[PDB]
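Chains as they are written, first to last, in the entry's author numbering: chain A, 501 to 623; chain B, 18 to 474; chain C, 18 to 474; chain D, 18 to 161; chain E, 18 to 474.
In this text, a Cβ means the ideal position worked out from N, Cα and C, and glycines have one as well.
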């Protein structure tokens, strides 16, 4: 019988309970977005990697949900390698940042994908 | 009283503003279908055996329900489907209470019928616009919670009734810290000698905030606000708002539509998500010959208001029953659902942008059911576990971890192009390699399905 | 899950504080009675297939429902009566909503059963004292209205839906001025395009005050306060209070128990009589094999609150069905009702001074039914007519006069020692001599029953 | 900004839930009717001269006003009647204030037009039901 | 009705307390100027064709409007400027609604006129003191925001209608983090199916706080509080106050003056800045012959209340039109504006310390327009961009940076003694050297104006 660690097990939502995605698996996820017609986009954060509540504590309000956009949503992107290239460039510029790939759906003005692609040292 | 010559109108062309009803009629022997269907329409509108002077001070043909079509049921004999049309004016705007009173108020007790069952209702866009609907709905909810690309996960705190406020909170923290998004107050748990509501709300808030701080993910606990009076119900929601928690809960059928609409309005105005439990539904929707099918009770909830609604389980069901379930699941989530008798959808339903409701799947769900559930329901669903978390050998947290890992393994496999239908068991097998928690939860299952075990390297 | 060895306890001695339930169980083939009755008790309390660690942080045997007895039904086979006992602690004080959620919340959907029907409930004095009950009750109501020694009389305004506010009031005045005590808003009539609630309340108040001034007797009109939300419902009752009228109305099943208890509390605090309509009851209480019998729904109303409650009609019923009706009528009016399986009373019910509810008899009632109704129900009842007043050849007032004269003739005859059972038709015949109004209402009846007519001198 | 190829849709079949508008347009010299009617529809809905990235995070064709028909006025020349259709979703329930802001908010100041006049509006039943309307109305008033 | 001999009073000496009006009259053929101007004065005051007995129970000459002067318009014929004087007593204190009803209530429909246009109004100090005016005004606003020495910068979130609450917030954060002070809710964006108001307020607050924390500068987002009723409007502002945000927004002409004054009062009492959008103004102020000029609508807003007001754009306008704009801009910002017919100012207007309103310039503004805008408007203005930020090749933040850099380059150049009028293009050219963001925004512009590019070193 093992005890689940109360520390050093911070998560980043979808897929974060699985072993770190290999470049090949990371690439397969991006192809799922493209196959469905979803517009890929990258987001990164350097300071607050997890949600907190500093400005308000009313129901539904949390700070730290929004991260900063890396460039622009990749409309018309057909090659999943173009997306993977940006992740390399992003962590090159900000190695101490968390980076995630999000997907947008148009029939619905919604976001429908969000998984971590890179985590800083000790995370 | 010969209704047939006044209420049975096969030449009637339904209007865009009419409320349509599909009744499954089982008339008494000797009573013709046309007369039975006319009795159904008559009783649920003007209800007149003959004529009184007051009927001349208005136009009877303006407020009457009309049976415009009859269809014999393929299977059993003596069973017909009667289609009735009701004028938009018969109904009070924004009141599900009035809609149910007019349509199902007296007809089920008519003597000429042996049994009666309301199968579906076509809610026209003009009536839909008079309702607020879900406080938030699927999209806004995912945005508030910042959760995308996978079904949400919840678990029930057991036993149903019996635990104290602090022990309740302890189980809440352990489950949530392990990977689950939500924990649930039992539908029976309101305020009792063993645990008063305010103490529960207080300890559960402490527990959910700790798990959120520990994991970095937004957590929620359905705090049951169901109560004896409207005032108590609101008083309970007000405290949830003061604590700053994200979601409250209500038993809409035992609490009632009038009280539920009030809570839903309150939740919209105060940013609270509303989880709905369907307690008591089976006394109304189980028998195929008499009652109201769940798809109508689900439509009523979406109009009255709720962000989540329990919609049973698909595990161990014949396609058949499974198709009926997917039928009402679409009616709850989608904006436009086209007519399809194969899935029990008697009418095309246009929801005119009314927010969709997140279906909650619960009932004997285990980790090895994850592949089938993820495939059948898709991402927009909440999968709830009871003994799959609490019954895990190592406890709540490891039990929550097992379910979270199992779900993510299914999502990853699906995204990679794998067929969850035929590779389901294998997907869970591979996952057991990298998760001691998942492995321990799959022991008895491995012995039967794979005749072993183990790992290798 | 073998419940039988934990939930089936035939040695159990019920406590004075237990809530007892009598279920009519129809188990699936192969499933034993003891196991079925244990499944019923288990599901409606702790609901555990096996055991989880949290069950050790309390005492399972303290909050569990227990099937202490099984009885085979004399008539059909595969049908048993399971008796279950629930601890007082499982329930929230003053909440019928919680009582229904705990007992009928999930059991009706259990797979081991083919059908399930809640026949009765024994509400212990300790739980009864946590409810306010009827705002006023039979005695206080007669005192407020100053009406004694006879059944009260009411009539329905037809058509159900369709009339305007002023025309509605006109029919109200004509009926009331003729001898009736009450007039009724249709259960479907709330607030609609053809007639908004406030206009109706305003014109009906004018009409009832005129009839009261003209006759010298206290009049009332059940003003329907049923609405989409609790706030609207109270807002409607508040205006009835401002107008100074005596009675309001509510559809307790479609409105819901949470909303009904709120209205009942409001009515007690503001001196308003509360008339309850049972719309939608037949979708729940009609089938003998599945659902909830009306006697339980009636007990729930008496606890939640109501001064009057529709309890059907006795006309054209076999003794048999008539005995069942008299059974629940006693449960509504009396303080102590001893067990009596012949009238469907499975438990002795002590109401510990909770006010009694006035039963309302309606449904195809005509003047010639008056003798039988007066004898069967007695003085403490409200007899409602529809076409017996509106359908009178001369109109509303003469129709109301006919019913008032017919009723008083029956009361006088009864008081003089006459048997209403065998002299009924003759009593109405004599009355026709001194009442042109009653004579005109009895025309078609005279031709069939007496093969004539007439008068002499 | 060539609206005509996106906002002028003569093949459009109006829906039961659409708010329809009949505008009397007097375009500036040189400006074609189709382009003027498309400018009217564009300005009173999405109002875009070209495209920005945010337009991809939704469906432009779902919330746009559409000029589905043009008719020359029998009397004067340089005067046309442009018919525009607006989706039910653009409007707040029960708010005449929002209805006027969306339809007549900015179009009357568009340069390509010399004059503009809103002649009529088709309020669909689905939008009508979100309003209380007159406190009482003719019938109730006579009765009171 | 010969008004001329009673309402045309050329000998009248205007009082310090009179409200003066300058009307541009286009009389019907045959109708003399004196008679037309007298018809205007008569209709907008006592409005009498002849005499009735009630006119003797008061003094007609005490409450009558008087045309004291007529002037022929230099340009067109059949067009005159009629000056009317109204007594202070005709108006309700603090009500712009009453002022507009009395002056423009019925005159525009008079038959003797072909067209009528209210060009200006002289609001006397005695009437000005009965108004609160802007909640804060230019000076207090700069102090609250701690922003001095430059125009403020804002941007519109596009598309107008269509985006969801979370996506709306995302664009808000990206724009604000790049150097902009404010972001804007579209005037049409209130509360709709695609985005309910409360969700928008919630996500926009999160976005603006993040950008403020990241940049170190105070940020604001105009949260639209325009609504169907006064109660909803206040309810929306109340939530903005709870979130602690700095500014709300209102469409004063479609919302109305009565509602706007209520919001303005609320904003003063709760420390909220009020941004005003002039939606619907062009249906009233575009035609030179009929309607109300914007300078009057601007005066009304300053009295009713608003801290910012959209006042169009100056880009691509003839001096001429530009002079008219600078005319009303002064009327909005300054304390004392002397008469000047060249800029459309018919009367000397003393504002007696009523706070000034910040003019908002928007409409086809690009970075290369910055030099001219900074020079024309000065520091006390808000410059809003649409496609100049959203349409930037690299996105919102880089687009916001380009506009912020361009503006600061213009401010620095101006302070250093450079002429923005003739060196404008060069100032932007130099700035492109040290700003990749500004360079990318100027590409198409460089090719046309400079026939290149580039940089050197």
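Interface residues of chain E around residue i at Cβ under 8 Å?
| i | result |
| --- | --- |
| residue 571/A | 411 and 412 |
Looking only at its own chain, which residues have a Cβ that is under 6 Å from the Cβ of residue i, when we skip the five neighbours before and after it?
| i | result |
| --- | --- |
| residue 367/B | 142 and 353 |
| residue 452/B | 422 |
| residue 199/C | 171 and 237 |
How would you list, in chain order, the residues of chain D whose beta-carbon sits under 7 Å from the beta-carbon of residue i?
| i | result |
| --- | --- |
| residue 436/C | The premise fails here: residue 436/C is roughly 50 Å from chain D at the closest Cβ pair, so nothing lies under 7 Å. |
| residue 397/C | None at all; the shortest Cβ gap to chain D is about 38 Å. |
| residue 544/A | Within 7 Å Cβ-Cβ: nothing; residue 544/A doesn't reach chain D, min ~18 Å. |
| residue 202/C | Those do not exist, as residue 202/C stays about 17 Å from chain D at its closest Cβ, beyond 7 Å. |
For residue i, count neighbouring Cβ atoms within 10 angstroms of its own Cβ and tell me buried if that reaches 16, exposed if not.
| i | result |
| --- | --- |
| residue 214/C | buried |
| residue 112/B | buried |
| residue 175/C | buried |
| residue 90/D | exposed |
| residue 190/C | buried |
| residue 146/E | exposed |
| residue 249/B | buried |
| residue 235/C | exposed |
Kindly list, in the order they appear in chain B, the residues whose Cβ is closer than 7 Å to that of residue i.
| i | result |
| --- | --- |
| residue 183/E | 160 |
| residue 610/A | 156 |
| residue 482/A | With chain A covering 501 to 623 only, the question about residue 482/A has no answer from this structure. |
| residue 63/C | 176, 177, 178 and 179 |
Got a sec? Which residues, its chain only, sit under 8 Å from residue i by beta carbon, not counting five neighbours each side?
| i | result |
| --- | --- |
| residue 122/D | 61 |
| residue 356/E | 362, 363, 364 and 365 |
| residue 321/E | 113, 148, 269, 274, 277, 278 and 281 |
For my contact list, residue i and residue j are in at a C-beta cut-off of 8 Å; report their separation, rounded to the angstrom.
| i | j | result |
| --- | --- | --- |
| residue 15/E | residue 239/E | Since the first residue of chain E shown is 18 and the last is 474, residue 15/E is not available in this structure. |
| residue 3/C | residue 419/C | Since the first residue shown for chain C is 18 and the last is 474, residue 3/C is missing from the structure and cannot be characterised. |
| residue 85/D | residue 59/D | At roughly 13 Å, the Cβ-Cβ gap does not stay under 8 Å, so residue 85/D and residue 59/D are not in contact. |
Residue i versus chain C: which residues are under 7 Å apart at the beta carbon?
| i | result |
| --- | --- |
| residue 157/D | 182 and 216 |
Excluding the five sequence neighbours on either side, which residues of its own chain have a C-beta within less than 7 Å of the C-beta of residue i, listed in chain order?
| i | result |
| --- | --- |
| residue 543/A | 567, 568, 569, 570, 600 and 602 |
Along chain A, in chain order, which residues have C-beta atoms closer than 8 Å to that of residue i?
| i | result |
| --- | --- |
| residue 224/E | 566 |
Would you mind telling me which residues of chain A sit closer than 9 Å to residue i, beta carbon to beta carbon, in chain order?
| i | result |
| --- | --- |
| residue 76/D | 606, 607, 608 and 609 |
Can you pull the chain B neighbours of residue i, defined as C-beta to C-beta under 8 Å?
| i | result |
| --- | --- |
| residue 205/C | 107, 115, 118, 119 and 122 |
Using the beta-carbon of each residue, which ones in chain B are nearer than 9 Å to residue i?
| i | result |
| --- | --- |
| residue 385/C | Correct list: empty, because the minimum Cβ distance to chain B is about 17 Å. |
- Task: Take every Cβ of the region 167–177 of chain B, pair it with every Cβ of the region 423–443 of chain B, and state whether three or more of those distances are shorter than 8 Å.
- Result: These segments touch.
- Message: Check whether the region 250–257 of chain C and the region 248–256 of chain B touch, using three or more Cβ-Cβ pairs below 8 Å as the test.
- Response: Per the Cβ contact rule, the region 250–257 of chain C is not in contact with the region 248–256 of chain B (fewer than 3 Cβ pairs under 8 Å).
- Cβ pair count under 8 Å reaching 3, the region 127–140 of chain E against the region 64–75 of chain E: The region 127–140 of chain E, when compared against the region 64–75 of chain E, does not touch it at the 8 Å Cβ threshold.
- Query: Does the region 430–441 of chain C come close enough to the region 23–40 of chain D that 3 or more CB-CB pairs lie under 8 Å?
  - Reply: Verdict: no, contact absent.
- Should the region 147–163 of chain E be called in touch with the region 45–64 of chain E, which here means at least 3 C-beta pairs below 8 Å? Output reads no: the region 45–64 of chain E does not touch the region 147–163 of chain E.
- Query: Are three or more beta carbon pairs between the region 32–51 of chain E and the region 118–137 of chain E nearer than 8 Å?
  - Reply: By the C-beta criterion, the region 32–51 of chain E is judged to be in contact with the region 118–137 of chain E, since at least 3 inter-stretch pairs fall below 8 Å.
- Task: Answer yes if the region 606–616 of chain A comes into contact with the region 577–597 of chain A, meaning at least three C-beta pairs across the two stretches below 8 Å, and no otherwise.
- Result: Inter-segment contact for the region 577–597 of chain A and the region 606–616 of chain A is absent: fewer than three beta-carbon pairs are separated by less than 8 Å.
- Pair every Cβ in the region 337–346 of chain C with every Cβ in the region 294–304 of chain C, then say whether three or more of these pairs are closer than 8 Å. These segments do not touch.
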